[PDB]
Every structure is written in C-alpha cells, then in structure tokens.
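K.L.:
Just passing along the structure, written as structure tokens.
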Amino acid sequence: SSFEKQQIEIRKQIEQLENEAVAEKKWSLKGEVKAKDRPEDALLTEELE
Amino acid sequence: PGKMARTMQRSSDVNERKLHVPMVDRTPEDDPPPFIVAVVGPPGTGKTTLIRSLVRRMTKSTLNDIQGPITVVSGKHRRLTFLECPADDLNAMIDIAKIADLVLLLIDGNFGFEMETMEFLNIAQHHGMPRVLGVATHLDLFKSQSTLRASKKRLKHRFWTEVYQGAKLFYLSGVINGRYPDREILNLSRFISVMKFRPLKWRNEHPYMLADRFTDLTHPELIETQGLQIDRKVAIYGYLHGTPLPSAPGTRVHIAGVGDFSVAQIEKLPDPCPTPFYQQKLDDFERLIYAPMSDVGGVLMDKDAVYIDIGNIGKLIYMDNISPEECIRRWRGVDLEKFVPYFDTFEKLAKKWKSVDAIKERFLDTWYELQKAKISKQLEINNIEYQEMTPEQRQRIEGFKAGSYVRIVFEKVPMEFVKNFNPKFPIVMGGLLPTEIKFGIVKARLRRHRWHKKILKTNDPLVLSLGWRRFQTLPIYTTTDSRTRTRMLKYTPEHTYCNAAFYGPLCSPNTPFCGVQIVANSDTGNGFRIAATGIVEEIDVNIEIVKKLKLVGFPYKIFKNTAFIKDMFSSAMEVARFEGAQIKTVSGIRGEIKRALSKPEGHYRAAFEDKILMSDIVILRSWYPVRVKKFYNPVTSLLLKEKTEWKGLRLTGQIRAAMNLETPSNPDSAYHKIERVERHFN
Amino acid sequence: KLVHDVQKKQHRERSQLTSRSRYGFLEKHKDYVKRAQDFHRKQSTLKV
Amino acid sequence: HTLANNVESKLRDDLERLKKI
Amino acid sequence: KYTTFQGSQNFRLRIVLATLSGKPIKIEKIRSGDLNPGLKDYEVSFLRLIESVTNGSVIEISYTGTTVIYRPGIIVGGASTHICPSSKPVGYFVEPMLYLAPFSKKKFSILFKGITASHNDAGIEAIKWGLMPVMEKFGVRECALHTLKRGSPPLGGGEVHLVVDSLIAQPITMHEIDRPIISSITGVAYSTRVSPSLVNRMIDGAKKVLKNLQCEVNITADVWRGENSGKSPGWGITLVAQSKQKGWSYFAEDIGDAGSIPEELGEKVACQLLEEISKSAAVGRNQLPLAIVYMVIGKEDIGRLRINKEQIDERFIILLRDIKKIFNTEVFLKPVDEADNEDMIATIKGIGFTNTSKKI
Amino acid sequence: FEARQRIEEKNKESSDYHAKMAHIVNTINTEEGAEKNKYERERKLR
Amino acid sequence: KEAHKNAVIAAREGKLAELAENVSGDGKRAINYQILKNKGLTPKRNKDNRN
Amino acid sequence: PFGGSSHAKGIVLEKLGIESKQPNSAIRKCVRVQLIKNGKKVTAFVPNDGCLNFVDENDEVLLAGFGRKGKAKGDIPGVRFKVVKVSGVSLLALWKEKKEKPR
Amino acid sequence: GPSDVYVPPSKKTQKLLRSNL
Ligand SMILES: Nc1nc2c(ncn2[C@@H]2O[C@H](COP(=O)(O)OP(=O)(O)OP(=O)(O)O)[C@@H](O)[C@H]2O)c(=O)[nH]1
C-alpha cells in the first residue's frame, strides 16, 4: 500500500541524513581553515566575500 | 471634592479595565455549535469516571464504555461536547489543545502536579488560550484536615500562577459508587454552564470540525478483487466550527494525524441534538445526547456488529454551455488584452448628442465603541443580504455555516488508517488556506523553552506543530550581526529568542508555534518534553545564510611594518584573486595583502600598520554560504498501529551512542589558564 | 539594572597553537598596547 | 617535464572554471 | 498545470489571477490555428515581467509556442527595470502590475522604457487619473506613476516610474449604492514635438462640445519641451470628470493620428466622455475589472457596487466566468429599487485574503 | 573591478542608513516634544 | 589508539548510566523543583539576608 | 497626561527602529502604540530589547508613565511612556521567566 | 504659445507632471 511505500522512501532519506549528520564536516564549513587542511585551489574556484 | 475626585479616578480606571481589542466573530447567532470541552489529565487521574458522572447528571442517562466525543444538551442554549484525551500521547494532547474550548484540567491532589498537566498548559498557552477550569481529584487520600487545607492552598496558588488568576478549580471529595458526589457535580455543572467564552484567531480563520462518526465506503467486491491494499473512500460525519466551509466540493482539508486530503463530496444533515429553541420553532413549524461511536441506550456500533447489553441574468451568466453572444442577445431579447471599449463612430455619436439632455440631471463615544459599531454594521449587512434570496445562497455562495450537521466523503484514505482506527483517538479536520498549501521555507524566532534542560542544535531534528499539521524538520538558527547579515549559529541562546529558518509547509506570518523533541512514549523519562516555542515572521522561498570562515596564516619574515606571510593560500593564482584585501592579526593590528610572492608558492607580502611579531597569527574573515536541508517528514501518527512510539529521525547524541563513536573534539580548541609574566623592555 | 548574570558570562581567552608553541605566548591586544606604548615613549625622547 | 604538462593542464582547467563563473 | 484555459483571450488577466490566487494553470492553444501561430512577443515579455516581480515561480512555455504551464510563486517585487518591447505601450505593461501592487512584500519601484501611449491601451494620464482612484478608494494610500520621459509612437523612448508604497493586508470592502453626483470636469492635453497652437486647437474642440453644461471645465496644457519629450512626434488628449464628495472618477482618452485634425479629435474625446458617463454607473466601463477583482479578493464580507445595464456586456460576462473558474465565486445581481433607472447592485462576498508574503 | 563595485556599494548603503535613522529620531523628538511641552505647559497652570 | 577509544566510550557509558539512573520505577512522572517553585533568572543572593 | 488614568491600554501598532544597528539603543527600544481610549498613536519605550522581543504586534499593551529624573547620555526625550504588561502578563515577569505568554 | 511658454509647470504644475526712527 501507498503508506508503506512512502514510509520506505522516507526511511532511505533518514539513513542518508543520518550518516551525513554524523560524518566529518566540509573544509569550508569549519572555521579557521589552513591552506594545508583544505584541498588545493578550491578557494580559487569557489566564491566568498 | 476629595472623595468625588478619588472615586472619579477609580471609575476611570474601572472603565479602562473594562476596555479591550475589537475582533470579528465569524460565529453565528442562530444555531451556534456545541462548545467543545476536553477532559485532560495525568494517566490514572479519573477522567472516565468524571465524564460518566457528568453525563449522568446532565441527562438522566447512565453509561458504560465511554469513548469518543459525547455531546449533550445543556442549558437552554448550550450544547457541550465532552471529549477525553488519553494523555499518554502527545499528539492527542497537541491537537486537542489546538481545537478545545473549555478544558477541564484534572489534577491529582496527592501529587500536586505532573509533567502531563504542565505540558498541556504550555501547549494551550502558545496555540491560543482556551478556558481552563481545574478540578482536584483524589482528595480522599489525605488523612489530616489541617494538612488538607495546606495542600489545597498550595495547589491553588501554583495553579493561579499558571492560568489567569480567576479560574476557580473545584475539589472533588471522593468516589462513592464509581461516580462522584451529587452536590459537587451539580456545582461543577453550574460553573461550566455559566462560563463565558472568547474567540481565538485560528478558530476565526479556519473552518474546523471534530469528527463525530466514521464510515468506510468501498465495494467489498473491490476489496476482494484488489486484496485489502487499495485506498478507500471514507465518509466522516460531524458538526462544524469556525468559519463557513465553502461548499464548492473539491477543496482541501487536513485530517490531523493522517494527511492532506481533499473533499470528494459534501452534503448537510439535520442534527441529532437540537437546542430547545430549534425544537420549539422547528417542530411547531412542522405541525438528549449523541455519542454514536460510544454506548448509549445499551448498544454500541462496531464496524458492523452492533453489540447490545444483557437486556434571468444569473443562471444566464453562469450557465456555462452558452456563448456570451447569445447570452446578451437573449437578455436583450470580446478580447480583454485591449482596453478602450467598443464605441460607435464619431459622426453618429455627435449627431446623437447635439444636446446634453440625458445628463443635465446627472450633473449638478470612545474610539473603541466606534470600531465596534463599524464591525457590527458589517455583520448585520451580511445577514440582510443573505435574507434576500435565502435558498440559493444558503447552499452556494456561503458554504455551510458554523454549526450544521455535515457529512463529507474523502477519496483514497489509506488502508492502515481505516484498519487500525480505534475510537479513543480524536480526529479533526481543518480547512486550509491557499497559502497554507504551499511549500517554501519559513523564518521564525524561537527560544529554548524555559523549563527544558538541554539547548538545541542546528541541523538537529525538531518535531513541531504549526497550524494544523505536525511535522519534523531540520532548522538552522540565525543571528543578525547587529542587523547587518544573517550569520549561522550553532546552538540556541539559552535564555533568549534567536531567529530560525526551516523548510516546511508555509503558514501565515505572525503565527505562534510549538516544537518538541522526542514524541514517542517509549522514550520520555522524567524530563520535560516541549523544547522550543516561537513565532513565524516571514515567508520566502530561498534565503541565504552565511557561516564565517577565517583563513589563517603565519608570518615568516618581518621587517619594520611589512611582513611576508605563509600557508594561508596554496598558489599564486589564489593569492591574485584575493589580493588587495583586508587582513588583521590576533593582536588587533590591521593590514592589507598586496603582492603574491612568486618564488615560494604560497606566500605573499602584506603590509601591516605596526610591527607584527613572530608569535602572531594573521587571519582573514569571509562568509561562506550555507543552505537548508529540504527534509520534511509529516508525523503520520495514527496510521501506525501502536499509536504512540512514532519514531522519526534520531538526534546526534543518540546516533553517536548507537553507532559507537565519540564526540569530535580537536585539542587546541579547548581553553587553558594563562599566566603572563610581566614584561619589561630594555 | 536590567541585565542578567548570564549576560555577564565572562568569556575566556585562548592561547597558542601547539605546532607554533616555540614562539611562545600569543599576544593579545593587552600585550600589544604595552608594546606600542613603550616604543612610542622611547621614540619621543629620542627625537627631543 | 610532463610534470610541466600536468601544471599547464591544471592552469587551463582552473582558468576555464573561473572565466566560466 | 491543473486548471486549464483556452485561447489567447484575456491572457494577462488570467495570469494575474493565477498569481493572486495561487492555483497552477495551463493555458493552451494560443492562436495555434493561425498563419503565424504561437505566443506573441509582447505576451512573452509580460511573462518576463512576472518572473521579475515574483519569486519561486515557474513558467514553462511549450516549445511550439502554444501551451503555457504557469505555477505561481509568491510576490516579492521591489525595484527593477523593464524594456517594454515596441509593439505595445507601457500602459499594457503597467495595468497588471497595478492590479498586483499593494500585496507585495517590498515596494514596487519599476522603471519602464518604451512607447508611452497608444490607441488600444491606457496612457499615463489615463492610469494616473482613472485607475489610481479605484485603489485610492479601496484603501491603497500612496501609489504614484511618475513620467520621467514621455515617448510617442512609433519610437517612444519614454520612461515611467511606478512606485507603490502602501502594502495593505487586504483591500477594504466597498459600499457604493447611490449613483454618484458628478461635480467637475478636468483634463490633460499633451503634445510631443509639434506646436503649442496645436494643443490649443485640441482644447478648442473639447470646449466646443462642452459649451452646453453648466459645470466647471478646465483642461491643462502639457507641452513637453526639450529633451525629455521623446523621439517621435505626437499629441493626445484625455478628460476626466470627478465627483468631489466621494472622489469618484470617469474618463476617456485618445491620441492624434499621423495627419488627423486636433479639432475633431477634441470633439471626439468629448463625445467619448459624455457617452461613457451616460453608459456608466459609479465606475467607468473600463475601470470595471479592477473593481470587481478587488471586491472578490477583499476580506470575508458582502461588498456592494451599483452597475448599469449599459455596462453589462460580453466582456463583463467573460470576466465573471473567469472569476468563477479561478476562485469559485458566484456574483449576486440584485436589482435596484428606483423605477426610473436600470441598475443592478453587484454583491460579491469577498473570500478571505491577506498578505502572507510580508514581514513582521 | 569587483573591488570598485563592492566598496562603492557599501559606502552608499551605510550613508543612506545614517540619514534614515536620523530622520526617525528627529521626527520623534519634534512631534512628541511638541506634545510633552504642551502637556507640561498646561500642567504648571493647574 | 583503539584502547583509548574503548576507554572513552566506556567512560561515557558509565557516566550516562550514572545520569539515566535517576529514573523512578513508578510510572507516574513528577514536577521538578524548578517548575515547582517557579522562579528563574535571579542574581547570586546572600544567606545573611536569608535571615 | 493621557486622560485622567495612570495606565492606558493600547494596541501595538508597529515597531520603530528595528533596523538600527546598535543593540539596547533608545531607538531600538521605542515601540509605537495607538491608545484605544482615544485612537491616539503615541510611542512608548519598553525596557530592554529582549523584552521588546516578547512584545509582538496587535497585542494590547498597558502603558504607564516613564518619569525619569535627569537627562541620560543618549536617550530620545519626547517619549514619555513605558510598556508594562502585554496581554496580561507583565513584562518584568516575562523577562525573568516566571510566566509565559498567553495568546 | 504663451501658456506653453508659461512656467506654471515650473511654478505649480511640476505637481501636475508627477504627483520707526
Ligand atoms: N480514591 C479515589 N480513586 C479514584 C478517584 N477517581 C478515580 N479513582 C480510581 O481510578 C479509576 C478512575 O480513573 P479513570 O477515569 O478510569 O482513568 P482516566 O483518567 O479516565 O484515564 P484512563 O484510565 O486512561 O481512561 C477508578 O478505577 C477509581 O477506582 C478519586 O477521586 N479518588
């Protein structure tokens, strides 16, 4: 039935949000970012003010 | 004139006490609906017993197996609707506090209070204050009358802190036979039938109702051919409240706890409980309780198996198979992108008007009371303009007004709902608004609820109730750096309102809302449960929120006033894109970054304003954009079978424990103690 | 007056990196104002 | 000096990205 | 994508009602059966204007130019600039945003560049004097339409600047049952790059017709000198008749053609005026759709407006059929009491409506 | 180029804000001060 | 390194035992002293004024 | 003052200066209320823009006098009122967290 | 002509092109 169908789909979306929310953050999403501990030239390609 | 001046001052302050804010009613004066009463309290308090006694005394008619919304007639003009909420489940608690009007807050005596009562009062105080009348049960467990008066006065003063300090809670002495003392029950009935109600904003804006009985419509032919999977038609019968629900069938409503259905077809019914004026006027025009799901007489109706005890221009325009050409042709007997309407030519107009004959005759006490007068004049205009051509309008331009028995059939309700329904849980319909359909991200301001324990977190799931619907979302908390931009915080300012943003179904601005953490009853424990309270301010579809990232770099060669900095950047193209820029050291000295040193690849030179030292760290701030997770999980409460323990998305502390990890904590970030030995210069 | 204590929280102050410890004692604004006060005094007397 | 091939490829790709943005 | 409409009839009004209401519509067969079929360019540009003012709205043209799938977003507006393509004037590009002014989130400060006047569509003085008073009587308090440069066909080069400041929550209910008492007559006679003698001859035409009436008549002379007068040369006229006690307004305008005569142009607009007054009842025959949309959308209440049998025509019919298609709103037409005239009170019970787009 | 755009924009935004706040404060003082001095001028009499 | 990890997770498990071991075995919940006395945000006060 | 009474009711009409940058400012504490005795618009202080965050919109305040003694450093004279209670709960109690705001 | 030349625009109608010993 449709209710278990969409509940299954929600369960996939939960698992993704789950391991995403526990895993290690993005280089820019930290603060105090050092040119060693970020990928090279990402600052060049990207946009920030 | 001393005492005259004094009592003049007292009377003026009396008048300004008696004044208030004007507000529309949208609740009629002919067949006003049954005022809803919710009986609410901790688990084994005594709701069922109380409701059995109160029904018996009000309508001479005893009862067993009370379940579901029992309405009775009371007074010459009131119809009360007793409904008990099984206060294990917070979703029953939440929607009942949204739709109630009189709540009988039933507290134990020997405990003083519980977190169920406190949680309910907080939900009421945010979503719109009903009228609260306390009763104090379990008074027969005391032993010493001095102590009895002690606890009674203590409870009275705590309660009066919570509610308006006029709500007089009454005390019920003890069970005699399964029901309560007759005289004290009589006194309770006198209070609830004298109490006067006020209207609240959500109920004035929406059409809502409480489903009185429920029926499923499918051919069991289809059930056999499909195999108890196919979503079913469902008819739901009940009263209405709130505002004229429009009758053009195809509108959208939210069955709270299930989903977002749309009405297939609606039609009204003559109600099974009429007040005496309806009784006299309507029966003389021609010539007491209702509790369908529950027992009355001696029967109760199951799915099927009843159990018994032991024993013209108007339709011309709107007639849509007609072209407008013959419409006006019959009535006597074009494009709209353009603007100037079709006249006739100059010469015919001019000779047709050499005169001006058809047109020479066309040519030639307090502020509060005033606002109230305006509003009442509008209400009586409403009434009289219906009175011209009553019939048509009563079905069609008005919808069905507040307080008329209606049945509604919905398409494609899930099999799990119609299966696992039990009559204990109240089910409600709220009509929507053409905003409240939509889906954008909302912006609120919210605080940690005061009685809580832990502060909140961003990207941390918050169940919240907002309007009719209850859903789970992933908010992100925001400050304005003194009203310039919208920086992203990572917690909640523990004793203050902070902004918040989250993708979820839109709701009108200025709306109160209330958010909880965990809602499964498997996991509560002794702590409180409401977590944040707040108000939604504006609506849009994308917001830009920023996180301040600062790139650090260290100086490696220092002249007077000019230093060559290292490992902030990784290539000279990168430095080129960032040069000329602002920079500052920890110590407060400013500078700009000027030219990319070419021979080693990271460095640059930057010219400070004072002599930087080697023990210094230059930094550069910059705001990265952060964006909102589009997760949206409606709380489908009662499709589930166990009807509590709806387990949504976990939290971060729970999942680190569950997957067996540790809290990420880098070492150089936690503080120390600093002893600076005093510095003499040469 | 109208101010909570938790408004008057008393923020703590950080210190040097580890990997940069051997340039000890990362100077904040206090130490800097000591340093520049004194240099300006020496320069003034020397100009006289 | 196919390492210099690597760095000229890195150069063109970076400048593609920027002038595109 | 759900609610489907047919044909290029009343295109921009269908779009405006979709934006105001919120229901996704699907127009199809826009002059498909035609020698040069498809969506016309001025219609395309008006859609571009809609995506400028709203936010989060999606418009998916069929690649053949017939079917438009519009799913409305919310209003944000603000300040912007639009090049009206040279086939329709800025009147046709302002009248919808005039409908949608006071429900936005910020103010409307739009700049328009292009032709400023045409035969078919409303002009600057037409809007400023005939459609502004409808919203100024529905509750909008500070609307304005500045003329930074007045163009003329067929090059234009004219610029207008619409600014709408009052962001009302919902338009108040209108109650107008008596036929209005008309008081004074004023007008504007404007000229771009031809002679002052010509604008005086226009005034001569209008006054020649209006010699009969005993009411006050006054027509200002706007000649645009120097640079801010636009490129192509032209001249035109508009008249309004105003009732002071309730501030109601009646109007008619027309433009001098390439080689017409200003005298009979003035007589033409005057006979336009008087004929419109006779066929009118409290609202001009072209101010009508503004009032009806505003009364529908207004707060939950019975609103009353007196209209005339002369005004009830086929365009009125197709308007109210559109209203029922979008909003599911009946309109009740009771007849008036006086045995002399022939009028119907249109009563519309305005549905609940607000700005859910705003700030607190 | 982005430097020119950024700096010029930021300065204009801050100057306009300053004039805005000064207009609010000046109007508040002017209107309300008229009212308060009027009330006290009455009050000294009675 | 894994010994360090097991130590810290075990210390958290034991501590969260010492915390969550505040549950009363009876089902009915109770008012915290905070929500019972109903007082909040008060400055450090003095026993010498408490008498 | 405002009648004979020593407290007037009002309804919060709007807020003044909510884009003013410096927090706790005089401009960041003024609110603008119309008194629903007279229908008179007049601007009231609040304490403490935290308390200002508790007061919302169309919300039935109780103005009293403000009555300060001597000219402060940066104030706005001309405001004479202060907001005491909003919908019944009083602002000091709300801010000190004894009571919660009933809609 | 005259009215054309007349500065009633500049005067008034700039309104009307927008709004002892
Ligand atoms: N001593 C004493 N016992 C009571 C009182 N009220 C109820 N009880 C006992 O507790 C039960 C009444 O509570 P109920 O009404 O059944 O419980 P409820 O509050 O309806 O909630 P549910 O049990 O979940 O339906 C009876 O079995 C009584 O014996 C009271 O005032 N005094």
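FYI, nothing fancy with the structure tokens labels: chains A, B, ... in order, residues from 1 per chain, ligands from 1 as they appear.
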Extract the full set of strand (DSSP E or B) residues from segment 207-350 of chain E according to DSSP on the backbone, and format it as a PyMOL selection string.

P.N.:
chain E and resi 217-224+234-243+248-255+301-308+332-335+343-350

K.L.:
What does the list of residues within 12 Å of ligand 1 look like if you count only C-alpha atoms and all ligand atoms, written as a PyMOL selection string?

P.N.:
chain B and resi 39-53+64-68+83-89+104-110+135-142+171-181+424-425

K.L.:
Residues of chain I classed as alpha helix (DSSP H) by DSSP on the backbone are to be reported as a PyMOL selection string.

P.N.:
chain I and resi 2-5+8

K.L.:
Any chance you can output those residues with N, CA, C and O atoms as a JSON list (two decimals), in the first residue's frame?

P.N.:
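As written to disk, again-v8.json reads:
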[["chain", "number", "residue", "atom", "x", "y", "z"],
["I", 2, "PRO", "N", 1.77, 81.07, -25.28],
["I", 2, "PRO", "CA", 2.13, 81.76, -24.06],
["I", 2, "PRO", "C", 2.10, 80.79, -22.91],
["I", 2, "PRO", "O", 3.02, 80.71, -22.11],
["I", 3, "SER", "N", 1.01, 80.05, -22.83],
["I", 3, "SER", "CA", 0.80, 79.09, -21.77],
["I", 3, "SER", "C", 1.83, 78.00, -21.90],
["I", 3, "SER", "O", 2.29, 77.43, -20.90],
["I", 4, "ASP", "N", 2.15, 77.71, -23.15],
["I", 4, "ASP", "CA", 3.24, 76.82, -23.49],
["I", 4, "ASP", "C", 4.45, 77.39, -22.81],
["I", 4, "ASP", "O", 5.07, 76.73, -21.98],
["I", 5, "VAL", "N", 4.73, 78.65, -23.11],
["I", 5, "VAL", "CA", 5.91, 79.30, -22.57],
["I", 5, "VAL", "C", 5.76, 79.57, -21.09],
["I", 5, "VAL", "O", 6.77, 79.79, -20.41],
["I", 8, "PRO", "N", 4.12, 77.71, -15.42],
["I", 8, "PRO", "CA", 3.19, 77.13, -14.47],
["I", 8, "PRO", "C", 3.57, 75.69, -14.16],
["I", 8, "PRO", "O", 3.21, 75.19, -13.11]]

K.L.:
Could you give me, as a list in words, the residues within 12 Å of segment 14-18 of chain D, counting only C-alpha atoms and dropping anything in the same chain fewer than 4 positions from it?

P.N.:
residues 40, 41, 42, 43, 44, 45, 46 and 47 of chain A; 571, 573, 574 and 577 of chain B; 7, 8, 9 and 10 of chain D

K.L.:
Write to file, as a compact mmCIF listing (two decimals), in the first residue's frame, the residues of the selection just made, with N, CA, C and O atoms.

P.N.:
# COMPACT_ATOMS: atom_id res chain seq x y z
N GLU A 40 43.48 21.87 -2.61
CA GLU A 40 44.24 22.91 -3.28
C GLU A 40 43.38 23.67 -4.27
O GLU A 40 42.61 23.06 -5.02
N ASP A 41 43.49 24.99 -4.24
CA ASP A 41 42.86 25.92 -5.18
C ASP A 41 41.35 25.89 -5.13
O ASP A 41 40.69 26.47 -6.01
N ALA A 42 40.78 25.23 -4.13
CA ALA A 42 39.35 25.28 -4.01
C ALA A 42 38.90 26.69 -3.79
O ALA A 42 37.91 27.14 -4.39
N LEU A 43 39.67 27.42 -3.00
CA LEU A 43 39.44 28.83 -2.79
C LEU A 43 39.47 29.61 -4.07
O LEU A 43 38.81 30.64 -4.17
N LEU A 44 40.25 29.15 -5.03
CA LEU A 44 40.29 29.87 -6.28
C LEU A 44 39.00 29.63 -7.05
O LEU A 44 38.41 30.58 -7.57
N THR A 45 38.56 28.39 -7.12
CA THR A 45 37.41 28.13 -7.97
C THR A 45 36.13 28.67 -7.38
O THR A 45 35.19 29.00 -8.11
N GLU A 46 36.07 28.79 -6.07
CA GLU A 46 34.83 28.93 -5.34
C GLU A 46 34.54 30.42 -5.14
O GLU A 46 35.27 31.26 -5.65
N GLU A 47 33.43 30.80 -4.51
CA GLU A 47 33.16 32.22 -4.30
C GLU A 47 32.74 32.57 -2.89
O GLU A 47 31.74 32.06 -2.38
N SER B 571 48.50 28.80 -3.88
CA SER B 571 49.15 29.12 -5.14
C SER B 571 49.04 30.60 -5.41
O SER B 571 48.17 31.29 -4.87
N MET B 573 48.01 32.04 -8.07
CA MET B 573 46.74 32.43 -8.67
C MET B 573 45.70 32.68 -7.61
O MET B 573 44.92 33.63 -7.70
N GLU B 574 45.69 31.85 -6.58
CA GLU B 574 44.78 32.02 -5.46
C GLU B 574 45.02 33.35 -4.78
O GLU B 574 44.08 34.13 -4.54
N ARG B 577 43.73 36.31 -6.81
CA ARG B 577 42.29 36.50 -6.70
C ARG B 577 41.91 37.13 -5.38
O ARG B 577 40.89 37.80 -5.30
N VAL D 7 51.07 20.74 -15.06
CA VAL D 7 50.80 22.06 -14.48
C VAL D 7 50.15 22.98 -15.52
O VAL D 7 49.31 23.81 -15.16
N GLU D 8 50.46 22.83 -16.80
CA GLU D 8 49.72 23.59 -17.80
C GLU D 8 48.28 23.12 -17.96
O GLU D 8 47.37 23.94 -18.15
N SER D 9 48.03 21.82 -17.84
CA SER D 9 46.66 21.34 -17.82
C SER D 9 45.91 21.87 -16.60
O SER D 9 44.75 22.28 -16.69
N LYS D 10 46.59 21.91 -15.46
CA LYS D 10 45.99 22.41 -14.23
C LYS D 10 45.65 23.88 -14.37
O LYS D 10 44.56 24.33 -13.97

K.L.:
Tell me as a PyMOL selection string which residues belonging to chain H come within 10 Å of chain C, counting only C-alpha atoms.

P.N.:
chain H and resi 47-48+50+92+95-96
